[PDB]
Amino acid sequence: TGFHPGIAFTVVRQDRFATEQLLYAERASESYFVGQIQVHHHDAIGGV
Amino acid sequence: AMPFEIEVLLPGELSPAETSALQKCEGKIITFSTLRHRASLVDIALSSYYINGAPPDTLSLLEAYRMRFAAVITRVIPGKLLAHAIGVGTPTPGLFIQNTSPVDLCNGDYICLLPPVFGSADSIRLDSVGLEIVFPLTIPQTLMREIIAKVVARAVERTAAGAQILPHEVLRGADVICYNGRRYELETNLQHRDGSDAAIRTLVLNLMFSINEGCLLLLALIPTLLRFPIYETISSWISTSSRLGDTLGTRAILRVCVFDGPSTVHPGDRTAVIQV
Amino acid sequence: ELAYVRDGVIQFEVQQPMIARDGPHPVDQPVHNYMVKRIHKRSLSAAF
Amino acid sequence: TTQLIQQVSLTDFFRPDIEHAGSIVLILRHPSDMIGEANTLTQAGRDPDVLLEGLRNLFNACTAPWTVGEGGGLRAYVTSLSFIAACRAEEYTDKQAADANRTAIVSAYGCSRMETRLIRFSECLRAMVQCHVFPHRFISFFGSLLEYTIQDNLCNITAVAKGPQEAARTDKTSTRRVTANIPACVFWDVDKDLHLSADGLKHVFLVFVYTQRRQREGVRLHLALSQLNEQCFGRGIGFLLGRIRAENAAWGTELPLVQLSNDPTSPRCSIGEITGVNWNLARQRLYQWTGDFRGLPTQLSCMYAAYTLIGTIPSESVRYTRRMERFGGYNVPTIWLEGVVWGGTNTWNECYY
């Protein structure tokens, strides 16, 4: 009805934006080991 | 060892609509009376189940899905049908099956055939040769008893016409089948009071005449529990009940194994299976 | 013989690469697209 | 060869990074299906809402309480034998192994509402029996744990579903193979109790044991290892469970026709004599027979066990080993079967007589 009950509120909402990131990496800033490929098969709808 | 492949050579003169219909009716299950490497289109057809010159009822179909050999329809080409056996020992490697049932198959369920007891069946009509083909349902083994016990009971209250039991009750209603977190209402938002009961009434009769004689032979033998040969009756009760029960108590034939895919097979959805 | 053809059709067939990953996704498989198009029919006229 | 099965699930009642490989994994039917079966199968004068409350209280502190409904797609699909054993760790005769396993899984798990998770699951299992929604309809054998991968709260499991257990090859830490194993409390070899104990092939059963008195329900499940086949194992169970049978048969549920026909002087009405006017004056001419079969022992009130067959051990002599080995932070006695070949068909047999 438009009656102020002596109380006030502080609203809070959290939004979301899509950005474009810009990354920089130093030379040899990561070591990396690679293993060996291995194959496995298991039947499915129509074939192997 | 090799699979058991069956070659159903389709005739010509099939309408281009019926060929596209058959192009989608693969993964479904068919049965043969005898298992041979080259079948014909009249061994799959509904006319094979005619018992006394008349189409079969639910009881005859339950008795038939036991004595016949099942087979899954694999790839279909414009010329023929190719189907692999199920029960016999075979290495069938691809063996996918589509779900023709108003429930969802979870990964790991066991599957057993059931004739179309409720409502209607999905049948492909080939009016160019004059024969149709009905496909069994693929329901999980857990509901295989609740479904039949709920479609046979419901058909007894409708027999209780004549003030034998109150037909005015709405206290108990909505006989549903809850599975995988979904409620399948059984009345199917319409009234199939006729057509469905007339195709099940023989099973209902054989169960009435067998439960009614169980709670009376016992009372005749032991009167304190609460010219009419008695031993012949003891014999003819067990002989009938034990011969009617195995028809109902069926076992599973496939199992839903699923890699790389979703865990639930919706109604009208494909999935891979293995042989029990 | 343009006035003897019912409809002429050209075809396409494109492929798309994939990226290997790990985690919650299912493993990927290569996709193959097949397409068809159809030629229109027009006309020109002039008179003296 | 073997047959592998794979299933994604949550990690609430199962943590694959802790359970041993080769462990027996169970699957769970959707919870919203128990409500329907409880609304109809419940006996008279017994509230079918105790199950509903004990169910909505279990899942209220298990994971995100939202998306426990119908069509989410992610759900707490699987459990282990150890979890379902430790939630009822006061009903096994070996209290030492039962309590060891229980205190192992209470601490090694998240410990964030984990004690409550074990208590409320037990309350739900208890409440499932007074509503006659028996657990063996909603829990079933999935496979033996072989290979897993996990994320935050999300797991992906591979198990051996059918075929010899030692033929599956994995990337287990020490060796590329794995054998089946179970907690020592759920183990139950029926042949040593029945004095058969012979050398030969065996079966591996999954037997539930219900015990229902009013407000005193108790549910435990064992792993049986017997010589008796699927048909003749209920006898061996009934002879070992002779007390629960009689207790449930009584505390659970809480006509001279052959003589009247031997004389044509008794009142009767032939079938051709049943017409319109004969209706009202028929149900009184004959012999009266009042009474009812209400309030009597039924199959769901006298049931005390339910078991499946899940695999066999086809050796000349079953060699099983009982060793104490840890779930990481705690020691717990396990049992190491050798050479089990998983089977199935998931056919439960109820025992009421």
# chains A, B, ... in the order shown; residues from 1 in each chain; ligands from 1

$ interface_residues --of "chain B" --to "chain A" --cutoff "6 Å" --atoms "only C-alpha atoms" --output "count of residues only"
3

$ select_by_dssp --residues "segment 127-224 of chain D" --states "helix (DSSP H, G or I)" --output "JSON, numbers by chain"
{"D": [127, 128, 129, 130, 135, 136, 137, 165, 166, 167, 190, 191, 192, 193, 194]}

$ interface_residues --of "chain B" --to "chain C" --cutoff "12 Å" --atoms "only C-alpha atoms" --output "number ranges by chain"
B: 259-262

$ closest_residue --among "A:38, A:8, A:2, A:22" --to "chain D" --atoms "only C-alpha atoms"
A:38

$ closest_residue --among "D:170, D:230, D:10, D:49" --to "chain A" --atoms "only C-alpha atoms"
D:170

$ closest_residue --among "D:263, D:19, D:189, D:254" --to "chain B" --atoms "only C-alpha atoms"
D:263

$ residues_around --residues "residue 32 of chain C" --least-positions-apart "4" --cutoff "8 Å" --atoms "only C-alpha atoms" --output "list in words"
residues 13, 14, 15 and 16 of chain C

$ residues_around --residues "segment 62-64 of chain B" --least-positions-apart "3" --cutoff "7 Å" --atoms "only C-alpha atoms" --output "number ranges by chain"
B: 58-59, 67-68, 115, 247-248

$ residues_around --residues "residue 119 of chain B" --least-positions-apart "2" --cutoff "10 Å" --atoms "only C-alpha atoms" --output "list in words"
residues 116, 117, 121, 186, 187, 188, 190, 191, 192, 193, 195, 196 and 197 of chain B

$ atom_distance --atom1 "atom CA of residue 335 of chain D" --atom2 "atom CA of residue 304 of chain D"
26.2 Å

$ decode --residues "segment 166-220 of chain B" --atoms "C-alpha atoms" --output "short mmCIF file (atom, residue, chain, number, x, y, z; two decimals), in the first residue's frame"
data_model
loop_
_atom_site.label_atom_id
_atom_site.label_comp_id
_atom_site.auth_asym_id
_atom_site.auth_seq_id
_atom_site.Cartn_x
_atom_site.Cartn_y
_atom_site.Cartn_z
CA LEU B 166 -18.26 -51.11 -4.88
CA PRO B 167 -17.68 -49.61 -8.35
CA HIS B 168 -18.14 -46.12 -6.86
CA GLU B 169 -14.78 -45.97 -5.07
CA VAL B 170 -12.27 -43.25 -5.92
CA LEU B 171 -10.42 -43.81 -2.64
CA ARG B 172 -7.91 -46.08 -4.38
CA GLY B 173 -6.90 -44.79 -7.80
CA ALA B 174 -4.09 -44.26 -10.29
CA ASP B 175 -2.41 -47.65 -10.43
CA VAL B 176 1.00 -46.47 -11.63
CA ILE B 177 4.40 -48.01 -12.30
CA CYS B 178 7.17 -45.88 -10.78
CA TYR B 179 10.57 -46.63 -12.29
CA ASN B 180 13.77 -44.59 -12.63
CA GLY B 181 12.01 -41.65 -11.03
CA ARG B 182 9.06 -41.40 -13.42
CA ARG B 183 5.36 -42.15 -12.99
CA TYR B 184 3.64 -43.99 -15.84
CA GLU B 185 -0.11 -43.66 -15.40
CA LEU B 186 -1.88 -46.82 -16.52
CA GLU B 187 -5.26 -45.53 -17.72
CA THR B 188 -3.41 -43.76 -20.59
CA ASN B 189 -5.61 -40.63 -20.30
CA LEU B 190 -8.40 -42.46 -22.15
CA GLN B 191 -10.72 -45.46 -21.74
CA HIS B 192 -9.59 -48.82 -23.15
CA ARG B 193 -12.29 -50.63 -21.18
CA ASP B 194 -13.00 -52.60 -24.38
CA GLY B 195 -10.47 -54.26 -26.66
CA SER B 196 -7.83 -54.77 -23.98
CA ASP B 197 -9.81 -56.91 -21.54
CA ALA B 198 -11.16 -59.14 -24.33
CA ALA B 199 -7.53 -59.97 -25.18
CA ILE B 200 -6.51 -60.88 -21.62
CA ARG B 201 -9.62 -62.56 -20.23
CA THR B 202 -8.28 -66.09 -20.73
CA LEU B 203 -5.31 -65.42 -18.46
CA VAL B 204 -7.68 -63.87 -15.92
CA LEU B 205 -9.93 -66.93 -16.11
CA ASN B 206 -7.04 -69.36 -15.66
CA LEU B 207 -5.89 -67.40 -12.61
CA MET B 208 -9.37 -67.16 -11.04
CA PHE B 209 -9.95 -70.89 -11.45
CA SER B 210 -6.56 -71.55 -9.85
CA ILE B 211 -6.49 -69.17 -6.88
CA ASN B 212 -10.10 -70.05 -6.05
CA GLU B 213 -9.24 -73.76 -5.90
CA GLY B 214 -6.17 -73.22 -3.73
CA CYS B 215 -8.05 -71.61 -0.85
CA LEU B 216 -10.67 -74.37 -1.02
CA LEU B 217 -8.62 -77.56 -1.29
CA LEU B 218 -6.78 -76.41 1.84
CA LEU B 219 -10.07 -75.73 3.63
CA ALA B 220 -11.39 -79.14 2.56
#
